[PDB]
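Labels for the chains are A, B, C, D, E, F, G, H and I, by order of writing; each one numbers its residues from 1.
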Amino acid sequence: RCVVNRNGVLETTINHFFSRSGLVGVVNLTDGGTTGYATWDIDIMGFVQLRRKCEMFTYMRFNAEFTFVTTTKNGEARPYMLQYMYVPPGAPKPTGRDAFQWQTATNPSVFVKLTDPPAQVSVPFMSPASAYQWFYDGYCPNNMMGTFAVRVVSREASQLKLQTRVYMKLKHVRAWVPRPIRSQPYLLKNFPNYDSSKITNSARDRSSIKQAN
Amino acid sequence: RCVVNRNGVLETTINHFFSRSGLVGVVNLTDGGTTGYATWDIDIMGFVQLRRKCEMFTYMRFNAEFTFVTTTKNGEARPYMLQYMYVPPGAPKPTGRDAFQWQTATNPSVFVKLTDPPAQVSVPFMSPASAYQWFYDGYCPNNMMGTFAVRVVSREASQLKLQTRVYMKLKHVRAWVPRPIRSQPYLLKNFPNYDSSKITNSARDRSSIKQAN
Amino acid sequence: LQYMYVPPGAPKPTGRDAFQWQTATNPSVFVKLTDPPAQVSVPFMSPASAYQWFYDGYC
Amino acid sequence: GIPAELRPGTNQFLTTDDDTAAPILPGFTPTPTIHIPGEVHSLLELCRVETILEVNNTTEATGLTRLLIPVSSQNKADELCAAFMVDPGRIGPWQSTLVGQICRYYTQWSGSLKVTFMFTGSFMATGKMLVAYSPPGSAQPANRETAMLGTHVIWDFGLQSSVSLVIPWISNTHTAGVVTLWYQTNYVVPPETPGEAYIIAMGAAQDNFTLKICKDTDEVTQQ
Amino acid sequence: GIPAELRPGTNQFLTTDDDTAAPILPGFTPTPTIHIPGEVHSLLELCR
Amino acid sequence: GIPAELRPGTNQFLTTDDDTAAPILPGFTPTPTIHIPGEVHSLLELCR
Amino acid sequence: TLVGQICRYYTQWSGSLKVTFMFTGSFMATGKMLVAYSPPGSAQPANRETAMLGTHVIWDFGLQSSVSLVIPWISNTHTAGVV
Amino acid sequence: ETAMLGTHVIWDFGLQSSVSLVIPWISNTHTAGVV
Amino acid sequence: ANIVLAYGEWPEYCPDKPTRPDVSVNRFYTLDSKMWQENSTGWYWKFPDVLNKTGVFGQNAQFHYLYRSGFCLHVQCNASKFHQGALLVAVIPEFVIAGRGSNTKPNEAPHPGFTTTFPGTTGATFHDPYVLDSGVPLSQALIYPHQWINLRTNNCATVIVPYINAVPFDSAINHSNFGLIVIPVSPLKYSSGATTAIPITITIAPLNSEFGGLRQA
């Protein structure tokens, strides 16, 4: 067609550029009787589809909503109780399935069944500074958020292998100090290391300089 | 009887002529372990009961509500997680069961169980022009709306054959430039092709011109 | 389970998978067996002003 | 934490329910509308248009000539030229019109109609013609006198080349009444002029035409 | 997202309940009423 | 004890839904913000 | 460029653009140069005359060491026009 | 088509039995233009 | 003469630079006369491609890429006082010509060529006028703006048609906006010794023309 009109100006802001429930985490669980607990220290730099969108800025500040969707090996609805546990920054991680870390009242827990709708919690801004930053020039994942340990609520044991997904959605996001978008591929998680040799150009080549390829 | 009174004038408008949750789509699924995903590019010209009612006009503009009702081969209520995914116009379709298209945050997804009430979503006006049109005299289904891919949420595989129905309801419909109703049968989907020979008359014949048959 | 309301004048369904079960004009109610019983409301659907069970004159 | 209870009708999917759904793209604004001419609001705007009736629907006729009434010469007075029914929602001449295709999506209708004739013939040819409406009950009249005792218009081929007869109130729940069309005097013609002309018949609804209870149509032989 | 709880009596079908139901034909207006003589209101008019 | 019914769309997880969630740390106040130069609001500031 | 990396996260765009040139050379070297915009449809011109019949700016290497040409309205749903 | 791209009058044999076309400014010092 | 305004609206300029010639394009372009006979079928014209090769309008419509205009139509059909017959003239927005065949397969089903869909300045004739070559009956074609040219009442018709499109601007080369159709519902009849065929003349005027985006050849 021919777009002669002007388009919308509301879906270009940061609040609409980030606030959408994507995927961040995939966690496994076996519970043989053979660790049953499943720790996951959260970092938003896991996938390369949000890291490229978040390393475009230098400082950020946001709240998060996490949704937990747990299925079975093939996928069933066995109504078993599951405990999610939020370990704030500084608190010790759980070491076993029935360790005392799973009983302390300070670590908030969520009890949900498998037949129930997926779980949903909200985590506020938990940084000692004024905002997050993914580029710290000076002298564990950067910008501690906290762990999201999970286990099955039972006394003796169980005989199923869970498989859960953690979907994160940002909300009330604010950005500061924009910076260019990284074009080179990634090599590490907490380091912007590129390859010395094999430098990919930012534009695929054409035949000559006097054409319209 | 004898209708001597006047009837209602509210059930003749376009808002009541179109807004009713009919059927548009029927989608299959096998999930052998043998494609498990099930794409369906939506077009409202599928059935010949809505195409005849929508080709009566030249320009239209509406929002849609889609309801997904999924049953088993015979029909059971196995509580398995299902993911519906809306692929907007321009976005690439999913190619496999566990392809990266099923993880991108931009394609909205709906997670529902089989024991739950049927799923229901709302799609707004998604055309680059000012309104849809089913007769483009000049130089994929006409008037791109977007795909409604579906899959079962599991890690390894499943051993059931789903069968789902997609019911569409139009809402906030506006019409422009009416045109006569097509009497000849159909031959294609995106073309108003009729048959040169075997032209069906618009009225069944009678004996003579001087009777009351 | 699918319940279907056939208004007066509309043709009845003839088979299990006939096209009468797909027409949008006949309202349908989808309910499971584990769910609470279904409930619908039907208004006054007579061409006259009121029903009458004694029609002296000439389903 | 307000207390609540669920009543019968929970978790049901009613087809004709007026219930909103959660939007898929929040904040996305659609394309602004422009002033496109020809906006329609109700189907009653489509019923008020004249439309050629197919009154010559008999056999051994080709495609187009089924829309023409053959008003020929070599005939005589008090002769039946052409007659037809009035029912729009019935298999007949009223199936080819637009009000006959619209009034089949619905199951009840009422109101008055209007049938307009138009004579396609030479300018030098004249002659009187009696159009006649006979209401329901009594059937088509046999002779001209019984037709002119009913409703009638004596339309000549003078300056009036398009007569219009209003049909009063014919409704659904019903014979139906017949529109007959008689040779009043003759079809006179001067030399160097063909003695065979035609009449196009058209028919539409009025402001009183109203509709109720929408059902499926059956002009489709497909799924 | 208001918090809510369900009490005893949930998902029950009481016969003599005064509860409305969803209409089947929305927007459909019925036939207007005329003045039919002999309207009764209670059965006490029949006992007299 | 208000009567209520559930409609289609119950217990579904829509990705692009604008729905709030229960906070994990209630009463916990975050760090106050300072005036950091270079705040951006929309991507149209980056295209220019 | 940056607008080419931003406008790929979205699927539709519109508006006008601006292309600015800058000459890195000696101060004692001068010479005239014809920049030319040709809208969509018609392709790149073959000779200078057809280019100067379209949109053009005759920019010399005098005091003006940075010329700027505004490209009008080039949109998504489309050849595209040649600079 | 080339004639109707120039100056033209579509004159029918209805009531108008006498059409009139004005020829603008044709002068001496000059082809001359064709009707 | 009676003027039937299409959809009750006058062709107007675009609301808030596109050029407006207003001098040499608002002139009466007259097409060649069509020869109506006994065994004729009808004719149709795709409008914004009829004047794409005719003079200043064709030049200024091919050398641009934006386009928005209306049209003041005029169809003169002058016959003798002894001939008889009737014509139906009508405009149709987005008049898509269908193909005649019996194939459901995509790559082998028939489709009209470039000369059939875009006739040009000479028009084209119908093949099955009872279905408008589109599978749509001609009995209810009166839903469009239309006039009856009856050979015993008048000999002219006018259709002032506005711009009917979803987008306010469009290319006038690869999109024919709307079509004109003339169909002899009542056939031609005359006695021996008269004129065997009747001429039909069409004159059109592009009211309120707007072009955008000059492009050098």
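We take it that contacts are C-beta pairs under 8 Å (C-beta built on N, C-alpha and C of every residue); 3 or more make two chains touch, one makes a residue touch a chain.
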Between A-I and D-F, flag the pair that has more C-beta pairs in contact. D-F
Chain whose averaged C-alpha position falls nearest the assembly-wide average: B
List the centre-to-centre spacing of subunit E and subunit I in whole Å, with centres computed as mean CA coordinates. 60
Between subunit F and subunit H, what is the separation of their C-alpha centroids in Å? 74
Note: subunit I sits from subunit D at a C-alpha centroid distance in Å of 28
Where subunit C and subunit D are represented by their mean Cα positions, the distance between them in whole Å: 30
For subunit B, jot down the residues that touch at least 2 other chains. 1, 3, 5, 8, 11, 16, 20-22, 47, 49, 59, 67, 69, 88, 105, 108, 111, 113, 115, 117-118, 120-121, 128-131, 177-178, 180-181, 183, 199, 202
At least two partner chains per residue is the criterion; list those residues in subunit F. 1, 3, 6-17, 20, 43, 46
Subunit I: positions in contact with at least two other chains: 93, 128, 130-131, 137, 139-140, 143, 164, 166-168
Touch relationships between chains, expressed as pairs: A-B, A-D, A-F, A-G, A-I, B-C, B-D, B-E, B-F, B-G, B-I, C-D, C-E, D-E, D-F, D-I, E-F, F-G, G-I, H-I
What part of subunit D is in contact with subunit C in the complex they form? 6-16, 107-108, 173, 213-216, 223
Can you list the subunit D residues touching subunit B in their complex? 11-13, 15-17, 20-25, 28, 30-34, 36-46, 54-59, 63, 66, 69, 80, 82-85, 91-93, 95-96, 98, 101, 105-106, 108-111, 139-140, 171-173, 175, 178, 208, 210-214, 216-217, 219-223
Can you list the residues on subunit B that touch subunit C in the complex? 1, 3, 20-23, 47, 49-50, 69, 77, 115, 118
Can you name the residues of subunit I that touch subunit B in the complex? 46, 92-96, 98-104, 106, 109-111, 117, 127-128, 130-131, 134-137, 139-141, 143-144, 164, 166-167, 174-177, 179
Listed in rising order, subunit B residues that touch subunit E in their complex are 5, 8, 10-11, 16
